[PDB]
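Below you'll find the structure, written out as structure tokens, and then a few comments.
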Amino acid sequence: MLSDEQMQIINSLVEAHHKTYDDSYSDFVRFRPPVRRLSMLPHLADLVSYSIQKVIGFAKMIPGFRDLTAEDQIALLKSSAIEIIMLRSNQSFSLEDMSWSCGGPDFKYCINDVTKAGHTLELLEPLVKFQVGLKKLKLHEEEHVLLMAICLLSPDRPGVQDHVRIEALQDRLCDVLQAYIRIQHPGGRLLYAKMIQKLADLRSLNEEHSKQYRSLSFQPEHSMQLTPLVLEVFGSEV
Amino acid sequence: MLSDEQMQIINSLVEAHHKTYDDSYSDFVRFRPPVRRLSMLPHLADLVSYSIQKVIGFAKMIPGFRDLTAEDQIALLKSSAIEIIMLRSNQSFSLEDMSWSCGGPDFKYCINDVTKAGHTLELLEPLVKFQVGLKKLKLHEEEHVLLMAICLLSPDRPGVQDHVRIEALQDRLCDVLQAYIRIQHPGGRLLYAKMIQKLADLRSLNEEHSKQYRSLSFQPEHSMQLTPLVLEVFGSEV
Amino acid sequence: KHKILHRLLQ
Amino acid sequence: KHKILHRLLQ
Ligand SMILES: CCC(CC)(c1ccc(OCC(=O)NO)c(C)c1)c1ccc(OC[C@H](O)C(C)(C)C)c(C)c1
Ligand SMILES: CCC(CC)(c1ccc(OCC(=O)NO)c(C)c1)c1ccc(OC[C@H](O)C(C)(C)C)c(C)c1
């Protein structure tokens, strides 16, 4: 069975997530309305900007994160933001229509919508595939949340100074998840492996997203549609 | 009577204005919706950002502007943007309710609304007074447009290199307006003077706006609500 | 930098 | 600069 500290960590993450993930999606009405050159950029820019703020809120609650140097926290957020965001979005992803449903039909996104935000199938194909394979793992809230904490605490990111203290925090988390799957998840003898593999898929997606983003960020007619926070987090001006 | 070149200038400005000033205000639905700490900042930031793009469109059509150095064009836009914007807004200002009406009730702004965007009466009092006195001059479209071209072509702005070529372009404009008032505007024996005085009021407003803006721009929780274009035009990173 | 302003002024 | 990120991380 799980230890108290192991369980306290799970309770902390699940609560940090609930506190940073709004199931009513009542904030999407405050974004620049979606329009279906790059007509979806304004809306999706606000979505991502809003999601970054949520990921930051979450990160600050991951046990051990608050004690790192501001520099490492930055290095970790900047390098994993988009992957965490892709992980968070799976909650609203549907295996039927292969889309994201966030309240109303206005906020129902298809692969076509991201295309109108400057992205190509070069990225979207692997993205939907990742969403589908992830959705199929039918993760418990506790595993989904651990995966996001595991992801955010990867020491193998550029700019990370103390990759020993972070290597540790992630190890601690990785075993919590490993223990949880073995104790609380029936038919999950080979789930952990599949999950770690999902983290590897994220890297590829991250690489591809950054490429296409860089392309977009160098065109001022498009960069001007971005928000300050997005430009700072996806920027290279580190 | 007016000369052909004098009239061609008037026709060019009136057409540049019509091409950059949308009377249907059908673009306000694309802004982050208004919300009545600094709840109006998002919406009013998008309004101003959109207005800057219109002022730039207009400027590029002012005869003589396109031939200046990119540097002077920048120096002129950055220093006069807010004044031109205050001048443009008068078109939707009403002497009855003392507000700005841009289509629907959602887009009806009161002094209270700007307060929710980080501004104080220190600025808003003089602002409404300027709007009222301006509205009372009952300018013809030709005079209102000349005033905006006159304003934008003020050589006495920081960063202006060739204030001789610009001093000239503005002189040319100032006499066009002076001639128009004398020939086409009955009961306007003392209008020109009142107009030039209105340009002086704008300077005070500009000074005050920049002060309060600087205050806001140094607070990242607020600066992040701004748009790239606003930050660049009201920024000091010249 | 004024890169956005330059692009718009073109 | 990352000033926005620092403020949010406080
Ligand atoms: C519309 C689909 C998606 C999928 C991950 C998304 C993100 C966050 C979401 O919300 C979940 C959540 O918890 N948020 O708080 C939801 C439901 C969906 C996305 C959005 C924008 C994108 O591209 C963005 C562009 O790259 C920019 C240049 C940055 C604008 C890409 C490539 C994908
Ligand atoms: C809501 C009233 C107003 C008055 C000049 C305005 C600007 C442009 C407008 O449209 C006319 C037009 O032609 N546009 O295309 C309309 C109708 C009104 C304003 C708006 C924002 C403000 O403050 C803005 C803040 O200072 C920021 C920090 C920059 C967000 C201040 C001090 C005033």
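Numbers restart at 1 for each chain; the letters A, B, ... are given by sequence-line order, proteins then strands. When reading the values below, keep in mind they use all heavy atoms of this one structure, side chains included, and skip hydrogens, waters and symmetry mates. In listed order, ligands and their atoms are each counted from 1.
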Student check: side-chain heavy atoms of [X] and [Y] closer than 4.5 Å:
X	Y	result
A:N206	A:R157	yes
B:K108	B:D97	yes
A:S12	A:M61	no
A:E143	A:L137	no
B:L202	B:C151	yes
A:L134	A:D201	no

Side chain, backbone, both or neither: the part of A:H209 lying under 4.0 Å from ligand 1 by heavy atom:
side chain

Sidechain-backbone polar pair: B:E232 side chain, C:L5 backbone, donor-acceptor under 3.5 Å:
yes

Looking only at atom types and distance, does a side-chain atom of B:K135 sit under 3.5 Å from a main-chain N or O of B:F93, one as donor and one as acceptor?
yes

Among all protein heavy atoms, pick out the one at the shortest distance from [atom]; state its residue, atom name and that distance to 0.1 Å.
atom	answer
atom 10 (O) of ligand 1	A:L47 CD1, 3.8 Å
atom 1 (C) of ligand 1	A:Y109 CB, 3.6 Å
atom 30 (C) of ligand 1	A:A45 CA, 3.7 Å

Within a distance under 4.0 Å of any heavy atom of [X], pick out the atoms of ligand 2 and give their elements.
X	answer
B:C102	17 (C)
B:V114	1 (C), 31 (C), 32 (C)
B:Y21	13 (O)
B:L216	28 (C)
B:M86	5 (C)
B:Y213	28 (C)
B:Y50	15 (O)
B:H119	23 (O), 25 (C), 26 (O), 32 (C)

Can B:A117 be said to touch ligand 2, with heavy atoms closer than 4.0 Å?
no

Using heavy-atom distances, let me know which of [options] sits nearest [atom].
atom	options	answer
atom 8 (C) of ligand 1	A:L44, A:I85, A:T115, A:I82	A:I85
atom 2 (C) of ligand 2	B:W100, B:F107, B:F130	B:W100
atom 20 (C) of ligand 1	A:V55, A:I111, A:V48, A:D113	A:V48

Part of B:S92 within contact of ligand 2 (heavy atoms, under 4.0 Å)
side chain

Looking only at heavy atoms, is any part of B:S217 under 4.0 Å from ligand 2, and if so is it the side chain, the backbone, or both, or is it neither?
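Neither; no heavy atom under 4.0 Å.
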
Should the ring pair B:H17 and B:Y21 be called parallel, tilted or perpendicular, given that the plane angle runs from 0 to 90° and is split at 30 and 60?
parallel

Nitrogen or oxygen atoms of B:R88 and ligand 2 under 3.5 Å apart:
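B:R88 vs ligand 2: N/O contact under 3.5 Å present.
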
Ligand 2 N/O within reach of B:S89 N/O, cut-off under 3.5 Å:
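No, there is no polar N/O contact under 3.5 Å.
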
Protein heavy atom under 4.0 angstrom of atom 28 (C) of ligand 1, is there one?
yes

Quiz question for you: does at least one protein heavy atom lie closer than 4.0 Å to atom 5 (C) of ligand 1?
yes

Pair A:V233-D:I4, side chain to side chain contact (heavy atoms under 4.5 Å, CB included): steps then yes or no:
CA-CA 9 Å; A:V233 173; D:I4 308 291; over 6 Å; no

For B:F107, give me all partners under ring pair (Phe, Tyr, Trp, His ring centres under 6.0 Å), at least two apart in sequence or on another chain.
B:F28, B:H43

When rounded to the nearest 0.5 Å, the distance separating CG of B:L177 from CD1 of B:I9 is 13.5 Å

Could you state the interatomic distance from CD1 (A:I74) to CG (D:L8), rounded to the nearest 0.5 Å?
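So the CD1 of A:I74 and the CG of D:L8 are separated by 9.0 Å.
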
So, regarding A:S51 and ligand 1 (criterion: nitrogen or oxygen to nitrogen or oxygen, under 3.5 Å), is there a contact or not?
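Between A:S51 and ligand 1, an N or O pair is found under 3.5 Å apart.
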
Greater than 12 external heavy atoms within 6.0 Å of A:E15's CD:
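No.
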
